[PDB]
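protein-v6.csv follows; it contains CSV, C-alpha atoms and all ligand atoms.
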chain,number,residue,atom,x,y,z
A,25,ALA,CA,135.5,69.2,74.2
A,26,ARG,CA,136.7,70.9,77.4
A,27,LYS,CA,138.2,74.1,78.8
A,28,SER,CA,142.0,74.0,78.7
A,29,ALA,CA,144.7,76.2,80.4
B,7,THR,CA,128.9,108.2,80.7
B,8,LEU,CA,129.0,105.1,82.8
B,9,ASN,CA,132.7,104.5,83.9
B,10,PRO,CA,134.1,106.8,81.2
B,11,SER,CA,137.6,105.8,82.5
B,12,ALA,CA,136.7,102.1,82.1
B,13,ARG,CA,138.5,101.2,85.3
B,14,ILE,CA,137.9,98.0,87.1
B,15,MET,CA,134.9,98.3,89.6
B,16,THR,CA,134.3,96.6,92.9
B,17,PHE,CA,130.8,95.8,94.2
B,18,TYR,CA,129.5,95.1,97.7
B,19,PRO,CA,126.1,93.5,97.5
B,20,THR,CA,123.7,92.8,100.4
B,21,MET,CA,122.6,89.2,100.9
B,22,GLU,CA,119.3,90.2,99.3
B,23,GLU,CA,121.1,91.4,96.2
B,24,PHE,CA,123.3,88.3,96.4
B,25,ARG,CA,120.2,86.1,96.1
B,26,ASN,CA,119.6,86.7,92.4
B,27,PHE,CA,122.7,86.2,90.3
B,28,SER,CA,121.5,87.2,86.8
B,29,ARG,CA,119.9,90.3,88.3
B,30,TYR,CA,123.1,91.4,90.1
B,31,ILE,CA,125.1,90.9,86.9
B,32,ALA,CA,122.5,93.1,85.1
B,33,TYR,CA,122.8,95.7,87.9
B,34,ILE,CA,126.6,95.9,87.8
B,35,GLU,CA,126.4,96.2,84.1
B,36,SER,CA,124.0,99.1,84.5
B,37,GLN,CA,126.8,100.7,86.6
B,38,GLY,CA,129.2,100.3,83.7
B,39,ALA,CA,131.2,97.4,85.2
B,40,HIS,CA,131.5,95.5,81.9
B,41,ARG,CA,133.4,98.3,80.2
B,42,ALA,CA,136.6,97.4,82.1
B,43,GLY,CA,136.3,93.7,80.9
B,44,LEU,CA,136.7,92.6,84.6
B,45,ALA,CA,135.0,93.3,87.9
B,46,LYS,CA,135.3,92.3,91.6
B,47,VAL,CA,132.3,91.3,93.7
B,48,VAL,CA,132.9,90.9,97.4
B,49,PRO,CA,130.2,88.7,99.0
B,50,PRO,CA,128.5,89.7,102.3
B,51,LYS,CA,130.5,88.5,105.4
B,52,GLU,CA,127.7,86.2,106.4
B,53,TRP,CA,127.8,84.2,103.2
B,54,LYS,CA,130.2,81.3,103.0
B,55,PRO,CA,130.2,78.7,100.2
B,56,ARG,CA,131.3,76.0,102.6
B,57,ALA,CA,132.0,75.7,106.4
B,58,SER,CA,135.6,74.4,106.4
B,59,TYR,CA,138.3,73.6,103.8
B,60,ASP,CA,140.4,70.9,105.7
B,61,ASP,CA,138.2,67.9,104.6
B,62,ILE,CA,139.7,68.3,101.1
B,63,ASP,CA,143.3,67.0,101.5
B,64,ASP,CA,142.5,63.8,99.6
B,65,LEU,CA,141.0,65.5,96.5
B,66,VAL,CA,143.1,64.4,93.4
B,67,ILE,CA,144.6,66.8,90.9
B,68,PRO,CA,144.7,64.4,87.9
B,69,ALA,CA,146.8,66.5,85.5
B,70,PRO,CA,149.1,69.2,87.0
B,71,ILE,CA,151.0,71.3,84.5
B,72,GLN,CA,154.5,72.6,84.8
B,73,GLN,CA,154.6,76.0,83.2
B,74,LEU,CA,157.7,76.6,81.1
B,75,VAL,CA,158.2,80.2,79.9
B,76,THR,CA,160.5,81.5,77.2
B,77,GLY,CA,161.0,85.0,76.0
B,78,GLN,CA,162.4,88.5,76.7
B,79,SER,CA,161.6,92.3,76.6
B,80,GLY,CA,158.1,91.7,78.1
B,81,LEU,CA,157.1,89.2,75.4
B,82,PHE,CA,156.8,85.5,76.4
B,83,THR,CA,155.5,82.2,75.3
B,84,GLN,CA,154.2,79.6,77.9
B,85,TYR,CA,154.5,75.9,77.3
B,86,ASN,CA,152.4,73.8,79.7
B,87,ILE,CA,153.9,70.3,80.2
B,88,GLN,CA,151.7,67.7,81.9
B,89,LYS,CA,152.9,65.9,85.0
B,90,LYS,CA,151.8,62.8,86.9
B,91,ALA,CA,148.8,63.2,89.2
B,92,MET,CA,149.0,64.3,92.8
B,93,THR,CA,146.6,65.2,95.7
B,94,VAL,CA,145.9,68.6,97.2
B,95,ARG,CA,147.9,67.4,100.2
B,96,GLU,CA,150.9,66.7,98.1
B,97,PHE,CA,150.5,70.0,96.1
B,98,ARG,CA,150.4,72.2,99.3
B,99,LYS,CA,153.7,70.7,100.4
B,100,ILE,CA,155.4,71.5,97.1
B,101,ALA,CA,153.7,75.0,97.0
B,102,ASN,CA,154.6,76.0,100.5
B,103,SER,CA,158.1,74.6,100.2
B,104,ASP,CA,161.2,76.8,100.1
B,105,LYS,CA,161.8,76.3,96.4
B,106,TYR,CA,158.3,77.4,95.2
B,107,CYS,CA,157.1,79.7,98.0
B,108,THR,CA,156.4,83.4,97.7
B,109,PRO,CA,159.5,85.6,98.1
B,110,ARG,CA,159.8,88.4,100.7
B,111,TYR,CA,158.1,91.6,99.7
B,112,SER,CA,156.8,94.9,101.1
B,113,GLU,CA,154.1,96.1,98.7
B,114,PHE,CA,152.3,94.5,95.7
B,115,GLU,CA,154.3,96.4,93.1
B,116,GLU,CA,157.4,94.6,94.3
B,117,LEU,CA,155.9,91.2,94.0
B,118,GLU,CA,154.6,92.2,90.5
B,119,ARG,CA,158.1,93.2,89.6
B,120,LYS,CA,159.5,89.9,90.8
B,121,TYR,CA,156.9,88.1,88.8
B,122,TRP,CA,157.8,89.8,85.5
B,123,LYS,CA,161.5,89.6,86.4
B,124,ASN,CA,161.5,85.9,87.3
B,125,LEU,CA,158.6,84.2,85.3
B,126,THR,CA,161.1,82.3,83.0
B,127,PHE,CA,163.1,80.9,85.9
B,128,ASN,CA,162.3,77.9,88.1
B,129,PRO,CA,159.1,76.8,86.4
B,130,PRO,CA,156.2,76.2,88.8
B,131,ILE,CA,153.4,73.7,88.8
B,132,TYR,CA,149.8,74.6,88.3
B,133,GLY,CA,147.0,72.5,89.6
B,134,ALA,CA,144.6,73.6,86.9
B,135,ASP,CA,141.5,72.4,85.0
B,136,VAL,CA,140.4,70.1,87.9
B,137,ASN,CA,136.8,69.0,87.4
B,138,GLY,CA,134.8,69.6,90.6
B,139,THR,CA,133.1,72.1,93.0
B,140,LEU,CA,134.0,72.9,96.6
B,141,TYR,CA,130.5,74.3,97.2
B,142,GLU,CA,128.1,72.7,99.5
B,143,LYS,CA,125.0,71.2,97.8
B,144,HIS,CA,122.7,73.5,99.7
B,145,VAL,CA,124.3,76.9,99.0
B,146,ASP,CA,121.8,78.4,96.6
B,147,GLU,CA,123.4,81.9,96.2
B,148,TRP,CA,126.1,82.4,93.5
B,149,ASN,CA,126.7,78.6,93.3
B,150,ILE,CA,129.2,78.1,90.5
B,151,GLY,CA,127.8,74.7,89.8
B,152,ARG,CA,124.3,76.0,89.2
B,153,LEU,CA,124.1,79.7,88.3
B,154,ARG,CA,120.8,79.4,86.3
B,155,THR,CA,121.9,81.6,83.4
B,156,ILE,CA,120.8,81.2,79.8
B,157,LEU,CA,124.0,79.2,79.0
B,158,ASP,CA,122.1,76.2,80.5
B,159,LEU,CA,120.3,76.0,77.1
B,160,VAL,CA,123.3,74.2,75.9
B,161,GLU,CA,122.8,71.3,78.3
B,162,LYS,CA,119.0,71.5,78.8
B,163,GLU,CA,117.9,71.7,75.2
B,164,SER,CA,120.9,70.5,73.1
B,165,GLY,CA,122.2,67.9,75.7
B,166,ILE,CA,125.8,68.9,75.4
B,167,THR,CA,128.3,69.0,78.3
B,168,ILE,CA,131.5,71.0,78.0
B,169,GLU,CA,133.9,70.6,80.9
B,170,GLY,CA,134.9,73.9,82.6
B,171,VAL,CA,132.4,75.8,80.5
B,172,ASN,CA,128.9,74.6,81.7
B,173,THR,CA,130.6,72.7,84.6
B,174,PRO,CA,132.9,73.9,87.4
B,175,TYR,CA,136.7,73.9,87.4
B,176,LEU,CA,139.1,74.1,90.3
B,177,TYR,CA,142.5,75.7,90.2
B,178,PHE,CA,145.2,75.0,92.8
B,179,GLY,CA,147.9,77.7,92.4
B,180,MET,CA,151.4,78.3,93.8
B,181,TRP,CA,153.7,81.3,93.4
B,182,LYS,CA,154.4,82.5,89.9
B,183,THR,CA,151.8,80.2,88.2
B,184,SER,CA,150.0,82.2,85.5
B,185,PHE,CA,147.3,82.5,83.0
B,186,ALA,CA,148.0,84.1,79.6
B,187,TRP,CA,146.1,86.7,77.8
B,188,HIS,CA,142.7,85.4,76.5
B,189,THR,CA,139.0,85.9,76.3
B,190,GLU,CA,136.6,83.1,77.2
B,191,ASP,CA,135.6,80.3,74.9
B,192,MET,CA,132.8,81.7,72.6
B,193,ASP,CA,133.6,85.1,74.3
B,194,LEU,CA,131.3,84.1,77.2
B,195,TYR,CA,131.4,85.6,80.7
B,196,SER,CA,133.4,83.9,83.4
B,197,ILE,CA,133.1,83.7,87.1
B,198,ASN,CA,136.0,83.0,89.5
B,199,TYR,CA,135.9,82.5,93.2
B,200,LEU,CA,139.0,82.3,95.3
B,201,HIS,CA,138.1,79.7,98.0
B,202,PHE,CA,141.1,80.1,100.2
B,203,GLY,CA,144.8,81.0,100.3
B,204,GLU,CA,147.1,83.6,98.8
B,205,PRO,CA,145.9,86.2,96.3
B,206,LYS,CA,145.4,86.1,92.5
B,207,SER,CA,146.4,89.3,90.5
B,208,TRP,CA,144.6,90.1,87.3
B,209,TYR,CA,145.2,92.3,84.2
B,210,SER,CA,142.3,93.4,82.0
B,211,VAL,CA,141.8,95.1,78.6
B,212,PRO,CA,138.5,96.9,78.0
B,213,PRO,CA,136.4,95.0,75.4
B,214,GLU,CA,136.1,98.2,73.4
B,215,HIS,CA,140.0,98.0,73.0
B,216,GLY,CA,140.3,94.3,72.6
B,217,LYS,CA,141.0,94.5,68.9
B,218,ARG,CA,144.0,96.7,69.6
B,219,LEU,CA,145.5,94.0,71.8
B,220,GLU,CA,145.0,91.5,69.0
B,221,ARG,CA,146.7,93.6,66.4
B,222,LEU,CA,149.6,94.0,68.9
B,223,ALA,CA,150.0,90.3,69.5
B,224,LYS,CA,149.7,89.6,65.7
B,225,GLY,CA,152.6,92.0,65.1
B,226,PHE,CA,154.8,90.3,67.7
B,227,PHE,CA,154.0,86.8,66.6
B,228,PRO,CA,153.2,86.8,62.9
B,229,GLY,CA,154.1,83.1,62.5
B,230,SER,CA,151.5,82.2,65.1
B,231,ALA,CA,148.9,84.5,63.6
B,232,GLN,CA,149.4,82.9,60.1
B,233,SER,CA,148.8,79.4,61.5
B,234,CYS,CA,145.7,80.4,63.5
B,235,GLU,CA,143.7,83.7,63.4
B,236,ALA,CA,142.6,83.2,67.1
B,237,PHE,CA,146.0,81.9,68.3
B,238,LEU,CA,145.6,83.9,71.6
B,239,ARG,CA,143.0,81.2,72.5
B,240,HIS,CA,145.9,78.8,72.8
B,241,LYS,CA,146.6,80.7,76.1
B,242,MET,CA,150.3,80.6,75.5
B,243,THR,CA,151.0,84.4,75.1
B,244,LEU,CA,152.3,86.6,78.0
B,245,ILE,CA,152.7,90.3,77.6
B,246,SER,CA,153.8,92.5,80.4
B,247,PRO,CA,152.1,95.8,81.5
B,248,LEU,CA,155.2,97.7,80.5
B,249,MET,CA,154.8,96.5,76.9
B,250,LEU,CA,151.1,97.3,77.0
B,251,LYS,CA,151.9,100.7,78.3
B,252,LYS,CA,154.6,101.2,75.7
B,253,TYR,CA,152.3,100.3,72.8
B,254,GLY,CA,149.3,102.3,74.1
B,255,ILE,CA,147.0,99.5,75.0
B,256,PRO,CA,144.6,100.6,77.8
B,257,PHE,CA,144.5,98.2,80.7
B,258,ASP,CA,143.8,98.0,84.4
B,259,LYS,CA,145.0,95.7,87.2
B,260,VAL,CA,143.4,94.3,90.3
B,261,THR,CA,144.2,91.8,93.0
B,262,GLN,CA,141.7,89.2,94.1
B,263,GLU,CA,141.7,88.1,97.8
B,264,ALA,CA,140.4,84.9,99.3
B,265,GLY,CA,136.6,85.0,99.6
B,266,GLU,CA,136.2,87.4,96.6
B,267,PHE,CA,134.5,86.9,93.2
B,268,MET,CA,135.9,88.1,89.9
B,269,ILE,CA,133.6,88.4,86.8
B,270,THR,CA,135.0,88.6,83.3
B,271,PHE,CA,132.8,90.0,80.6
B,272,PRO,CA,132.4,89.1,76.9
B,273,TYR,CA,135.5,89.8,74.9
B,274,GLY,CA,137.4,91.1,77.9
B,275,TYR,CA,141.0,90.1,77.5
B,276,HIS,CA,142.6,89.1,80.8
B,277,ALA,CA,145.7,87.6,82.2
B,278,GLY,CA,147.4,87.2,85.6
B,279,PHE,CA,149.3,85.3,88.2
B,280,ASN,CA,148.9,83.6,91.6
B,281,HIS,CA,150.8,85.0,94.7
B,282,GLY,CA,151.2,81.7,96.4
B,283,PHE,CA,149.3,78.6,97.4
B,284,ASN,CA,145.6,79.0,96.7
B,285,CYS,CA,142.4,77.4,95.3
B,286,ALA,CA,140.0,79.0,92.9
B,287,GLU,CA,136.7,77.7,91.4
B,288,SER,CA,135.5,78.9,88.0
B,289,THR,CA,133.0,78.5,85.2
B,290,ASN,CA,131.6,80.3,82.2
B,291,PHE,CA,128.1,81.9,82.0
B,292,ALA,CA,125.9,84.0,79.7
B,293,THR,CA,123.3,86.8,79.5
B,294,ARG,CA,121.2,88.0,76.7
B,295,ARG,CA,123.8,90.6,75.8
B,296,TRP,CA,126.3,87.7,75.2
B,297,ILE,CA,124.3,86.3,72.3
B,298,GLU,CA,125.6,88.7,69.8
B,299,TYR,CA,129.2,88.1,71.0
B,300,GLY,CA,128.8,84.4,70.7
B,301,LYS,CA,127.5,84.9,67.1
B,302,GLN,CA,130.5,86.9,66.2
B,303,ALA,CA,133.3,85.1,68.2
B,304,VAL,CA,136.4,84.3,66.2
B,305,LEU,CA,137.4,80.8,67.0
B,306,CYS,CA,140.6,78.6,66.9
B,307,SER,CA,140.9,76.7,63.6
B,308,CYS,CA,144.2,74.9,64.1
B,309,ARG,CA,143.4,72.5,66.9
B,310,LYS,CA,141.0,69.5,67.1
B,311,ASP,CA,138.0,69.5,69.4
B,312,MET,CA,138.1,73.2,70.5
B,313,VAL,CA,135.0,74.6,72.2
B,314,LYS,CA,132.4,75.6,69.7
B,315,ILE,CA,128.9,76.3,70.8
B,316,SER,CA,126.0,76.2,68.4
B,317,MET,CA,124.4,79.6,68.5
B,318,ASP,CA,121.2,78.4,66.8
B,319,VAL,CA,119.1,77.7,69.9
B,320,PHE,CA,120.0,81.2,71.2
B,321,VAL,CA,119.2,83.1,68.0
B,322,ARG,CA,116.0,81.0,67.6
B,323,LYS,CA,114.8,81.7,71.1
B,324,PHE,CA,115.9,85.3,71.8
B,325,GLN,CA,116.2,86.8,68.3
B,326,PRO,CA,113.4,85.1,66.3
B,327,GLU,CA,113.0,88.1,64.0
B,328,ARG,CA,116.7,87.9,63.0
B,329,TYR,CA,116.9,84.1,62.7
B,330,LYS,CA,116.1,83.7,59.0
B,331,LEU,CA,118.6,86.4,58.1
B,332,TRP,CA,121.3,85.0,60.4
B,333,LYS,CA,121.0,81.5,59.0
B,334,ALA,CA,121.5,83.1,55.6
B,335,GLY,CA,124.7,84.8,56.6
B,336,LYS,CA,123.2,88.2,56.1
B,337,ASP,CA,123.2,89.4,59.8
B,338,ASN,CA,125.2,92.6,59.7
B,339,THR,CA,124.7,93.6,63.4
B,340,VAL,CA,127.6,95.6,65.0
B,341,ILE,CA,128.3,95.2,68.7
B,342,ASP,CA,128.5,98.3,70.9
B,343,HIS,CA,130.6,97.3,73.8
B,344,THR,CA,129.5,100.2,76.0
B,345,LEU,CA,125.8,99.1,76.1
B,346,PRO,CA,124.3,97.3,79.2
B,347,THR,CA,122.4,94.0,78.8
B,348,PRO,CA,118.6,94.5,78.1
B,349,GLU,CA,117.8,92.9,81.5
B,350,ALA,CA,118.8,96.2,83.2
B,351,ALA,CA,115.6,98.1,82.0
B,352,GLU,CA,114.5,98.6,85.6
B,353,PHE,CA,117.8,99.7,87.1
B,354,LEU,CA,118.5,102.5,84.6
C,1,LIG,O1,142.3,81.2,87.5
C,1,LIG,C1,143.0,81.0,86.5
C,1,LIG,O2,144.1,80.5,86.4
C,1,LIG,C2,142.4,81.5,85.2
C,1,LIG,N1,141.0,81.9,85.3
C,1,LIG,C3,140.3,82.6,84.3
C,1,LIG,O3,140.9,82.8,83.3
C,1,LIG,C4,138.9,83.0,84.6
C,1,LIG,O4,138.4,82.7,85.7
C,1,LIG,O5,138.3,83.6,83.6
C,2,NI,NI,139.6,83.4,81.7
C,3,ZN,ZN,144.4,77.7,67.0
Can the structure from this file be put into structure tokens for me?
Ligand SMILES: O=C(O)CNC(=O)C(=O)O
Ligand code: NI
Ligand SMILES: [Zn+2]
Amino acid sequence: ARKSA
Amino acid sequence: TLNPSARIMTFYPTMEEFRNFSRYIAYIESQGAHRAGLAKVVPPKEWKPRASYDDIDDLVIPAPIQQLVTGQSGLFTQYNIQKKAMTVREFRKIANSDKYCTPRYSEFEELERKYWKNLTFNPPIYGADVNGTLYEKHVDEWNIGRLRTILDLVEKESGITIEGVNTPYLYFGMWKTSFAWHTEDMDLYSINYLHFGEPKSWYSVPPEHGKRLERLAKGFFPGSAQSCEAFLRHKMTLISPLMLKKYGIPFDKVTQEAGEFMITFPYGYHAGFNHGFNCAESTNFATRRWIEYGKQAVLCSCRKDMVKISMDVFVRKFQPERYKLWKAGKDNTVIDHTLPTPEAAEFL
């Protein structure tokens, strides 16, 4: 899981 | 009472106030800064995160996105298409080139107009979501890599790492690159520093009005709403200030300049665009006040591996008296968006 734009 | 107008506030700390991050966030909340959903913090002139930015030209942007935008009448959808990797050096040349450069303008309103007029033409490239920090390992004040907030309990206790959330992200912008309306993952706070370059303009909706924006967006995109409750978390939805105004959504705007911090607050909706070539560093953080937001955050269902933080450690540590009830699904607590974080006892 990661931050996405 | 405190910022009854709920306008975006700007703060000018001394180096001594700059020293303790959590404390200053508590302070600006005691001044009502959180009601706008967004605030600006200008660091003291003496403070610099790094000495010089020219030793970075070989830094790699692994996954640039071309931002394609479709829509009309102030309602748009953004499709981010991934491109082959490039360096900062290569990005600057494309950004400052005659095809993607900032057009001529007198005042900010004109540039804003050109953004909302032209955002569907000549799709730009955004250097987003780049893992890394441009800080220097010895800068102890407002270091986006280590802020020492309670969010750390995700890594330090539960051993989980979530890129861009408890680690830093870099964003290399050019003209017309944008970020759609959203709150943070788990409705956390975020911090954003513009390291160098052209400005970044922001729009914000007060948390106390956030639900009105959601209903508005649901009305415009019912198909998207049926597929996912939280579809705004997809960060595809662009809505102009004219439409917000037309439909009676309160909002404010602010432009961030190189060397300035922006703070977004739990369940603050924000959106914006970059004026030209620039570099911003960002991460999420938390305070005690966030815990209740985290517990209540409505999350994206429709996509795999979205950011979901277990609230258990937080409830267990900071709300032991409510833990048993919360685990049972009986915690009925209502959030008052106007209230400051408890850490501000002294300031008030
Ligand atoms: O800088 C960007 O493109 C977007 N940043 C944010 O949404 C933030 O810092 O909260
Ligand atoms: Ni954000
Ligand atoms: Zn979804």
Contact residues (chain B, partner chain A, 6 Å, only C-alpha atoms) as a PyMOL selection string
chain B and resi 168-170+311+313
For those residues, write C-alpha atoms to a file as a tab-separated table (two decimals), in the frame of the given file.
chain	number	residue	atom	x	y	z
B	168	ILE	CA	131.50	71.00	78.00
B	169	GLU	CA	133.90	70.60	80.90
B	170	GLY	CA	134.90	73.90	82.60
B	311	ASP	CA	138.00	69.50	69.40
B	313	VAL	CA	135.00	74.60	72.20
May I have the residues within 8 Å of ligand LIG 1 (chain C), computed using all atoms listed in the file, as a PyMOL selection string?
(chain A and resi 29) or (chain B and resi 134+177+179+183-185+188-190+195-199+206+268-270+276-280+286-290)
Dump of C-alpha atoms for the selected residues, as a CSV table (one decimal), keeping the file's coordinate frame:
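Dumped to again_31.csv:
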chain,number,residue,atom,x,y,z
A,29,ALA,CA,144.7,76.2,80.4
B,134,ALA,CA,144.6,73.6,86.9
B,177,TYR,CA,142.5,75.7,90.2
B,179,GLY,CA,147.9,77.7,92.4
B,183,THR,CA,151.8,80.2,88.2
B,184,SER,CA,150.0,82.2,85.5
B,185,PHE,CA,147.3,82.5,83.0
B,188,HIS,CA,142.7,85.4,76.5
B,189,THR,CA,139.0,85.9,76.3
B,190,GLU,CA,136.6,83.1,77.2
B,195,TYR,CA,131.4,85.6,80.7
B,196,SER,CA,133.4,83.9,83.4
B,197,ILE,CA,133.1,83.7,87.1
B,198,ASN,CA,136.0,83.0,89.5
B,199,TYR,CA,135.9,82.5,93.2
B,206,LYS,CA,145.4,86.1,92.5
B,268,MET,CA,135.9,88.1,89.9
B,269,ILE,CA,133.6,88.4,86.8
B,270,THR,CA,135.0,88.6,83.3
B,276,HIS,CA,142.6,89.1,80.8
B,277,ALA,CA,145.7,87.6,82.2
B,278,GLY,CA,147.4,87.2,85.6
B,279,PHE,CA,149.3,85.3,88.2
B,280,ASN,CA,148.9,83.6,91.6
B,286,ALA,CA,140.0,79.0,92.9
B,287,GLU,CA,136.7,77.7,91.4
B,288,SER,CA,135.5,78.9,88.0
B,289,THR,CA,133.0,78.5,85.2
B,290,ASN,CA,131.6,80.3,82.2
Please, what distance in Å, to one decimal, runs between atom CA of residue 135 of chain B and atom CA of residue 97 of chain B?
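Pair atom CA of residue 135 of chain B / atom CA of residue 97 of chain B returns 14.5 Å.
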Would you mind reading off the distance between atom CA of residue 201 of chain B and atom CA of residue 110 of chain B, one decimal, in Å?
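Rounded to one decimal, the two atoms are 23.5 Å apart.
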Report, in Å to a single decimal, how far apart atom CA of residue 208 of chain B and atom CA of residue 260 of chain B are.
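Atom CA of residue 260 of chain B sits 5.3 Å away from atom CA of residue 208 of chain B.
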Neighbouring residues of ligand ZN 3 (chain C) are defined here as those with any atom at most 8 Å from a ligand atom, counting all atoms listed in the file; list them as a short mmCIF file (atom, residue, chain, number, x, y, z; two decimals) with C-alpha atoms, in the frame of the given file.
data_model
loop_
_atom_site.label_atom_id
_atom_site.label_comp_id
_atom_site.auth_asym_id
_atom_site.auth_seq_id
_atom_site.Cartn_x
_atom_site.Cartn_y
_atom_site.Cartn_z
CA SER B 233 148.80 79.40 61.50
CA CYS B 234 145.70 80.40 63.50
CA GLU B 235 143.70 83.70 63.40
CA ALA B 236 142.60 83.20 67.10
CA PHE B 237 146.00 81.90 68.30
CA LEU B 238 145.60 83.90 71.60
CA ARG B 239 143.00 81.20 72.50
CA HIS B 240 145.90 78.80 72.80
CA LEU B 305 137.40 80.80 67.00
CA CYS B 306 140.60 78.60 66.90
CA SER B 307 140.90 76.70 63.60
CA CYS B 308 144.20 74.90 64.10
CA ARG B 309 143.40 72.50 66.90
#
List as a ChimeraX atom specification the residues having at least one atom at most 9 Å from position (145.0, 99.0, 83.3) as given in the file, counting only C-alpha atoms.
/B:12-14,42,209-212,247,250-251,255-260
When you count only C-alpha atoms and all ligand atoms, which of these residues is closest to ligand NI 2 (chain C): B:274, B:50, B:346, B:254?
B:274
Find the residues near residue 53 of chain B: any atom within 9 Å, counting only C-alpha atoms, skip ones fewer than 4 places away on the same chain, and give them as an MDAnalysis selection string.
chainID B and resid 21 49 147
